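Colleague: All I have is the shape, not the residue letters:
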Ligand SMILES: Cc1ccc(NC(=O)NCCS(=O)(=O)Nc2ccc(S(N)(=O)=O)cc2)cc1
Ligand SMILES: [Zn+2]
(Lines give C-alpha, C1' and ligand atoms only; values in the text may rest on other atoms or scores of the structure.)
(Ligands and ions follow the chains in the order given, each with its own letter.)
Protein backbone atom coordinates (compact mmCIF):
# COMPACT_ATOMS: atom_id res chain seq x y z
CA UNK A 1 0.00 0.00 0.00
CA UNK A 2 1.40 3.52 0.55
CA UNK A 3 4.95 4.25 1.68
CA UNK A 4 7.97 6.41 0.93
CA UNK A 5 9.47 4.35 -1.88
CA UNK A 6 9.81 5.37 -5.47
CA UNK A 7 6.68 3.38 -6.42
CA UNK A 8 4.44 4.17 -3.45
CA UNK A 9 5.81 7.49 -2.18
CA UNK A 10 4.23 10.91 -1.67
CA UNK A 11 3.81 11.58 -5.38
CA UNK A 12 1.55 8.49 -5.61
CA UNK A 13 -0.64 9.12 -2.58
CA UNK A 14 -3.23 11.21 -4.41
CA UNK A 15 -4.48 8.17 -6.35
CA UNK A 16 -5.90 6.49 -3.24
CA UNK A 17 -6.27 9.68 -1.14
CA UNK A 18 -7.35 12.51 -3.46
CA UNK A 19 -7.31 14.96 -0.54
CA UNK A 20 -3.51 14.81 -1.03
CA UNK A 21 -4.07 17.66 -3.50
CA UNK A 22 -6.37 19.51 -1.11
CA UNK A 23 -6.54 23.06 0.22
CA UNK A 24 -4.84 22.64 3.62
CA UNK A 25 -2.20 19.93 3.19
CA UNK A 26 0.86 19.52 5.41
CA UNK A 27 3.73 19.90 5.79
CA UNK A 28 4.56 23.33 4.38
CA UNK A 29 7.58 25.54 4.08
CA UNK A 30 7.62 28.16 6.84
CA UNK A 31 8.74 31.41 5.22
CA UNK A 32 9.91 33.35 8.25
CA UNK A 33 9.71 36.67 6.42
CA UNK A 34 6.06 36.14 5.46
CA UNK A 35 4.77 34.71 8.74
CA UNK A 36 3.12 37.48 10.76
CA UNK A 37 3.44 37.91 14.47
CA UNK A 38 -0.02 37.54 15.96
CA UNK A 39 -0.23 39.31 19.36
CA UNK A 40 -3.64 37.75 20.06
CA UNK A 41 -2.00 34.32 20.30
CA UNK A 42 -1.77 33.07 23.85
CA UNK A 43 1.26 31.27 25.28
CA UNK A 44 1.24 27.51 24.75
CA UNK A 45 0.30 25.44 27.77
CA UNK A 46 2.09 22.09 27.69
CA UNK A 47 0.80 20.14 30.71
CA UNK A 48 2.64 16.85 30.60
CA UNK A 49 3.29 16.15 34.29
CA UNK A 50 0.77 13.40 34.54
CA UNK A 51 1.59 11.79 31.19
CA UNK A 52 1.20 7.98 31.07
CA UNK A 53 3.13 6.41 28.22
CA UNK A 54 2.20 2.81 27.54
CA UNK A 55 3.81 1.28 24.53
CA UNK A 56 6.16 1.84 21.61
CA UNK A 57 5.07 0.47 18.22
CA UNK A 58 6.78 0.04 14.83
CA UNK A 59 3.85 0.51 12.43
CA UNK A 60 5.87 0.15 9.24
CA UNK A 61 6.09 3.88 8.48
CA UNK A 62 7.43 5.23 11.74
CA UNK A 63 7.47 4.31 15.45
CA UNK A 64 4.88 5.63 17.87
CA UNK A 65 5.10 6.05 21.61
CA UNK A 66 1.50 5.74 22.75
CA UNK A 67 -0.08 7.26 25.84
CA UNK A 68 -3.18 6.77 27.96
CA UNK A 69 -5.59 9.37 26.57
CA UNK A 70 -8.72 8.12 28.43
CA UNK A 71 -8.25 10.96 30.96
CA UNK A 72 -6.82 14.48 30.90
CA UNK A 73 -3.28 13.44 31.88
CA UNK A 74 -1.05 15.10 29.27
CA UNK A 75 -2.73 18.01 27.53
CA UNK A 76 -1.90 20.84 25.18
CA UNK A 77 -3.85 24.05 25.47
CA UNK A 78 -3.55 27.72 24.77
CA UNK A 79 -1.66 29.10 21.83
CA UNK A 80 -4.13 29.12 18.92
CA UNK A 81 -6.17 26.38 20.53
CA UNK A 82 -9.71 26.52 21.91
CA UNK A 83 -10.22 23.82 24.48
CA UNK A 84 -8.15 20.90 25.64
CA UNK A 85 -6.22 18.50 23.47
CA UNK A 86 -5.03 15.17 24.91
CA UNK A 87 -1.70 13.64 23.89
CA UNK A 88 -2.28 10.29 22.22
CA UNK A 89 1.15 9.58 20.80
CA UNK A 90 4.36 11.00 19.43
CA UNK A 91 6.52 9.80 16.54
CA UNK A 92 9.27 11.16 14.33
CA UNK A 93 10.15 11.62 10.67
CA UNK A 94 13.82 11.40 9.78
CA UNK A 95 16.28 11.25 6.94
CA UNK A 96 18.90 8.95 5.53
CA UNK A 97 21.31 11.91 5.68
CA UNK A 98 21.65 14.65 8.27
CA UNK A 99 20.67 17.33 5.71
CA UNK A 100 17.14 16.01 5.29
CA UNK A 101 14.39 14.36 7.26
CA UNK A 102 12.03 17.01 8.57
CA UNK A 103 8.64 17.46 7.00
CA UNK A 104 8.20 21.15 7.70
CA UNK A 105 11.01 23.36 6.49
CA UNK A 106 12.04 26.83 7.61
CA UNK A 107 12.98 29.16 4.76
CA UNK A 108 13.48 25.96 2.69
CA UNK A 109 15.85 24.56 5.36
CA UNK A 110 15.46 20.84 6.05
CA UNK A 111 16.31 19.52 9.53
CA UNK A 112 17.59 16.02 10.26
CA UNK A 113 14.30 14.90 11.77
CA UNK A 114 11.01 16.20 13.11
CA UNK A 115 9.11 15.15 16.23
CA UNK A 116 5.29 15.14 16.14
CA UNK A 117 3.43 15.14 19.47
CA UNK A 118 -0.14 14.28 18.43
CA UNK A 119 -3.08 15.61 20.48
CA UNK A 120 -6.84 15.41 20.00
CA UNK A 121 -9.61 17.80 20.99
CA UNK A 122 -11.56 16.34 23.90
CA UNK A 123 -14.84 17.93 22.77
CA UNK A 124 -15.04 15.18 20.10
CA UNK A 125 -14.77 12.32 22.61
CA UNK A 126 -12.27 10.03 20.89
CA UNK A 127 -9.41 10.26 18.44
CA UNK A 128 -11.38 8.66 15.63
CA UNK A 129 -14.08 11.30 15.81
CA UNK A 130 -11.53 14.09 16.15
CA UNK A 131 -9.77 13.31 12.86
CA UNK A 132 -13.08 13.96 11.05
CA UNK A 133 -13.17 17.55 12.37
CA UNK A 134 -11.34 20.63 11.03
CA UNK A 135 -10.21 21.47 14.59
CA UNK A 136 -9.87 17.83 15.64
CA UNK A 137 -6.12 17.55 16.21
CA UNK A 138 -3.24 19.69 17.42
CA UNK A 139 0.19 18.39 16.47
CA UNK A 140 3.21 19.92 18.17
CA UNK A 141 6.13 19.80 15.73
CA UNK A 142 9.71 20.03 16.94
CA UNK A 143 12.73 20.02 14.65
CA UNK A 144 15.79 17.90 15.39
CA UNK A 145 19.30 18.92 14.39
CA UNK A 146 22.41 16.77 14.78
CA UNK A 147 24.79 17.99 17.47
CA UNK A 148 24.84 17.21 21.19
CA UNK A 149 22.89 14.23 22.47
CA UNK A 150 19.40 14.75 23.80
CA UNK A 151 19.33 12.95 27.17
CA UNK A 152 15.55 12.58 27.31
CA UNK A 153 15.51 10.82 23.94
CA UNK A 154 17.89 8.07 24.95
CA UNK A 155 15.34 5.74 26.53
CA UNK A 156 13.49 5.91 23.19
CA UNK A 157 16.70 5.16 21.30
CA UNK A 158 17.57 2.19 23.48
CA UNK A 159 14.29 0.34 22.96
CA UNK A 160 14.40 0.51 19.15
CA UNK A 161 16.26 -2.82 18.87
CA UNK A 162 13.15 -4.49 20.28
CA UNK A 163 10.78 -3.03 17.65
CA UNK A 164 13.05 -3.35 14.63
CA UNK A 165 10.37 -4.46 12.18
CA UNK A 166 6.77 -3.62 11.29
CA UNK A 167 4.17 -4.79 13.79
CA UNK A 168 6.55 -5.16 16.73
CA UNK A 169 5.62 -3.37 19.93
CA UNK A 170 7.29 -3.07 23.32
CA UNK A 171 6.20 -1.95 26.76
CA UNK A 172 7.24 1.66 27.19
CA UNK A 173 5.85 2.98 30.48
CA UNK A 174 6.94 5.95 32.62
CA UNK A 175 8.43 7.88 29.70
CA UNK A 176 8.51 11.57 30.22
CA UNK A 177 7.82 13.61 27.02
CA UNK A 178 8.72 17.17 28.34
CA UNK A 179 12.32 15.79 28.09
CA UNK A 180 12.00 16.10 24.31
CA UNK A 181 11.08 19.80 24.44
CA UNK A 182 13.46 22.66 23.60
CA UNK A 183 13.94 25.54 26.03
CA UNK A 184 11.62 27.97 24.21
CA UNK A 185 7.98 27.43 23.26
CA UNK A 186 7.99 30.12 20.56
CA UNK A 187 6.02 28.68 17.65
CA UNK A 188 4.51 29.11 14.22
CA UNK A 189 0.94 27.99 13.62
CA UNK A 190 -1.22 27.23 10.64
CA UNK A 191 -4.16 24.95 9.75
CA UNK A 192 -3.12 21.77 7.97
CA UNK A 193 -3.46 18.02 7.69
CA UNK A 194 -2.06 14.68 8.71
CA UNK A 195 1.19 14.28 6.75
CA UNK A 196 0.60 10.59 5.99
CA UNK A 197 -2.44 8.94 4.47
CA UNK A 198 -5.34 9.42 5.02
CA UNK A 199 -4.04 13.04 4.90
CA UNK A 200 -7.17 14.30 6.67
CA UNK A 201 -7.45 18.08 7.00
CA UNK A 202 -8.00 18.06 10.75
CA UNK A 203 -4.83 19.50 12.30
CA UNK A 204 -3.91 22.77 13.92
CA UNK A 205 -0.17 22.68 13.43
CA UNK A 206 2.02 24.23 16.10
CA UNK A 207 5.68 24.15 15.04
CA UNK A 208 8.31 25.22 17.56
CA UNK A 209 10.94 27.71 16.40
CA UNK A 210 13.74 26.23 18.52
CA UNK A 211 15.00 22.81 17.37
CA UNK A 212 16.38 20.26 19.77
CA UNK A 213 19.85 18.75 19.34
CA UNK A 214 20.29 14.98 19.11
CA UNK A 215 23.52 13.14 18.64
CA UNK A 216 24.69 11.50 15.45
CA UNK A 217 24.61 8.18 17.32
CA UNK A 218 20.99 8.84 18.33
CA UNK A 219 19.72 9.47 14.80
CA UNK A 220 21.83 6.60 13.41
CA UNK A 221 19.80 4.25 15.58
CA UNK A 222 16.55 5.60 14.09
CA UNK A 223 18.01 4.66 10.71
CA UNK A 224 18.49 1.01 11.76
CA UNK A 225 14.74 0.43 11.98
CA UNK A 226 12.95 -1.40 9.18
CA UNK A 227 9.83 -0.57 7.19
CA UNK A 228 9.29 -4.21 6.57
CA UNK A 229 8.05 -6.96 8.81
CA UNK A 230 10.22 -9.73 10.19
CA UNK A 231 11.12 -12.35 7.61
CA UNK A 232 10.65 -9.92 4.71
CA UNK A 233 13.39 -8.20 2.69
CA UNK A 234 15.11 -5.61 4.85
CA UNK A 235 14.31 -2.04 3.91
CA UNK A 236 15.76 0.56 6.25
CA UNK A 237 13.22 2.95 7.74
CA UNK A 238 14.77 6.19 6.49
CA UNK A 239 13.43 9.24 4.66
CA UNK A 240 9.89 8.72 6.00
CA UNK A 241 8.92 12.35 5.46
CA UNK A 242 6.48 14.04 3.10
CA UNK A 243 7.88 17.11 1.33
CA UNK A 244 6.46 20.59 1.63
CA UNK A 245 3.00 21.10 0.07
CA UNK A 246 1.53 24.30 -1.47
CA UNK A 247 0.50 26.84 1.15
CA UNK A 248 -2.49 27.97 -1.00
CA UNK A 249 -4.95 30.21 0.92
CA UNK A 250 -3.30 30.00 4.33
CA UNK A 251 -1.32 32.34 6.56
CA UNK A 252 1.20 31.05 9.05
CA UNK A 253 1.16 33.08 12.25
CA UNK A 254 4.18 33.52 14.63
CA UNK A 255 3.78 33.72 18.43
CA UNK A 256 6.91 35.76 18.57
CA UNK A 257 8.19 39.00 17.25
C1 LIG B 1 -3.11 4.35 23.92
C2 LIG B 1 -2.94 4.62 22.42
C3 LIG B 1 -2.67 5.86 22.04
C4 LIG B 1 -2.48 6.12 20.70
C5 LIG B 1 -2.64 5.22 19.67
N6 LIG B 1 -2.29 5.76 18.37
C7 LIG B 1 -2.90 6.46 17.28
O8 LIG B 1 -4.07 6.61 17.24
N9 LIG B 1 -1.90 6.89 16.28
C10 LIG B 1 -1.83 7.55 14.99
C11 LIG B 1 -2.87 8.49 14.49
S12 LIG B 1 -3.17 8.09 12.80
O13 LIG B 1 -4.29 8.62 12.07
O14 LIG B 1 -3.59 6.79 12.49
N15 LIG B 1 -2.15 8.78 11.77
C16 LIG B 1 -1.42 9.95 11.96
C17 LIG B 1 -1.27 10.69 13.09
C18 LIG B 1 -0.45 11.79 12.99
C19 LIG B 1 0.09 12.08 11.79
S20 LIG B 1 1.21 13.44 11.51
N21 LIG B 1 2.39 12.83 10.60
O22 LIG B 1 0.62 14.39 10.79
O23 LIG B 1 1.55 13.90 12.68
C24 LIG B 1 -0.10 11.33 10.72
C25 LIG B 1 -0.86 10.24 10.77
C26 LIG B 1 -2.89 3.92 20.05
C27 LIG B 1 -3.07 3.66 21.41
ZN1 LIG C 1 4.15 12.89 11.80
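Modeller: It's in. Residues are numbered from 1 along each chain as shown. Ligands and ions are numbered 1, 2, ... in the order given.
Colleague: Please, where are all the strands along the stretch 151-257 of the chain?
Modeller: 169-171, 187-192, 203-208, 212-214, 253-254 (DSSP state E, counting those that start in this stretch).
Colleague: Give the buried residues for the first one.
Modeller: Residues residue 169 are the ones in strand 169-171 that count as buried (16 or more other C-beta atoms under 10 Å). C-beta here means a position set from N, CA and C on the backbone, and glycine is covered the same way.
Colleague: partners of it in the sheet?
Modeller: strand 53-58 (antiparallel) (DSSP bridges).
Colleague: quick one: buried residues of stretch 80-96?
Modeller: In stretch 80-96, counting by 16+ other C-beta under 10 Å, buried: 80-81, 84-95.
Colleague: out of these, what pair is the most spread apart?
Modeller: Between any two of those, the greatest separation by C-beta to C-beta is 33.7 Å, found for 84 and 95.
Colleague: Look up phi and psi at the residue nearest to residue 216 when sequence neighbours are not counted.
Modeller: Among residues not flanking residue 216 along the chain, residue 146 sits closest, at 5.4 Å (C-beta to C-beta, 6 or more residues apart in numbering). Here is the backbone geometry of residue 146 (degrees, to the nearest 10): phi -80, psi 130.
Colleague: bridging residues for residue 146?
Modeller: The partner residues for residue 146, given DSSP bridges, come to residue 214.
Colleague: That one: neighbouring residues, count only.
Modeller: 19 (other C-beta atoms under 10 Å).
Colleague: That one is in contact with residue 212, isn't it?
Modeller: No: between residue 146 and residue 212 there is no contact under C-beta atoms under 8 Å: 10.7 Å.
Colleague: for ligand 1, what are the nearby residues on this protein?
Modeller: Applying C-beta under 6 Å from any ligand atom, we find that the chain lies next to ligand 1 at 54, 64, 66-69, 88-89, 116, 118, 127, 131, 139, 194-196.
Colleague: Now the two most distant members of those.
Modeller: By the measure C-beta to C-beta, 68 and 195 form the most distant pair in those, at 24.4 Å.
Colleague: The two - which one has more neighbours?
Modeller: Remark: of residue 68 and residue 195, residue 195 carries more neighbours, 24 against 17, as counted by other C-beta under 10 Å.
Colleague: I figured that one hits residue 240, correct?
Modeller: No: taking C-beta under 8 Å as the definition, residue 195 is not a contact partner of residue 240, at 10.0 Å.
Colleague: Now do the shared contacts for those two.
Modeller: residue 93 (C-beta atoms under 8 Å, 6 or more residues apart in numbering).
Colleague: contacting residues for residue 21?
Modeller: residue 14.
Colleague: who are the neighbours in contact with residue 4?
Modeller: Contacts of residue 4 (C-beta under 8 Å, 6+ apart): 10, 61, 227, 239, 240, 241.
Colleague: For residue 233, give its distance to ligand 1.
Modeller: 25 Å (C-beta to the nearest ligand atom, to the nearest Å).
Colleague: How about residue 9?
Modeller: 15 Å.
Colleague: now swap in residue 8 and tell me
Modeller: Here the criterion is C-beta to the nearest ligand atom. By it, residue 8 lies 16 Å from ligand 1.
Colleague: ditto for residue 201
Modeller: 11 Å.
Colleague: Much appreciated, bye for now.
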